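Let's start with one chain on its own, the form deposited in one PDB entry, as structure tokens.
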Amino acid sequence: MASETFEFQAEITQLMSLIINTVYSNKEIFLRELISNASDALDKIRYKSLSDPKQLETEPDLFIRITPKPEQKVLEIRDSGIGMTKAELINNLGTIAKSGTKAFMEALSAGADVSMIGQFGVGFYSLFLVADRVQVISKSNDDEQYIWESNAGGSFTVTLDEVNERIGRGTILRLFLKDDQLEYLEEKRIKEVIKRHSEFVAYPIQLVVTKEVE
């Protein structure tokens, strides 16, 4: 499958650099932001099923699932929410201006805790606090499975997915963690962050742990 390349909207490119280069503390809130986004997407498929039930048939179970993949230095956060079409990935994750982007960059430069990022609608980008590369794999009932990929350059790619597991419906954030942020692969640390920041979630949060049989 041939990939397509897109340029980030200018302020998003600026936001990404500010996040990667000027934020030193409270990185762990990336997980809160990603859990919140997942919860949001789960709400929308659930609501959209409030007046149409066939929607859930692609993935009847509603969940958030976190999967450390230590060998690849990867952390995946999956949900069975409403998902994103190809156009939605392109529009929502880079090409269109987010209204709060500038205000957030100003706030941050003024000394704001990065925890404030969600208040501005750009919490997705907090993932760059811990990862230097990300693939967003998404399946909406309304489209085929796609892969959005960024390395915090100035452009991203979108590719029809012929390489990852089928998700019936929903989104996977595949974070390629930085070498100094591998603590987020660890069961105990993941649990701690969830308990501190994601106490009130309406959906099961599953953690996938791989143990050697001795």
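Residues that one form lacks are left out of the comparison. Numbering starts at 1 and runs along the sequence shown. Between two forms, the rigid core is defined as the largest C-alpha subset superposing within 1.5 Å.
Same protein, other form: the form deposited in another entry, not shown, and the subject of what follows.
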After superposition on the rigid core, does the Cα atom of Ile117 shift by at least 2 Å between this form and the one not shown?
yes
Has the Cα of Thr101 moved 2 Å or more between this form and the one not shown, judged after a core fit?
yes
Any CA movement of 2 Å or more for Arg32 between this form and the one not shown, core superposed?
yes
Say whether the C-alpha atoms of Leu108 and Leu127 sit closer together or farther apart in the other form than in the form shown here, given that their separation changes by 3 Å or more.
closer
Any idea whether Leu89 and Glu33 get closer or farther by CA distance in the other form, knowing it moves 3 angstroms or more?
farther
Send over the list of consecutive residue runs, 3+ long, where the C-alpha shift is 2 angstroms or more at every position between this form and the one not shown on a core fit.
27-37, 94-122, 188-199
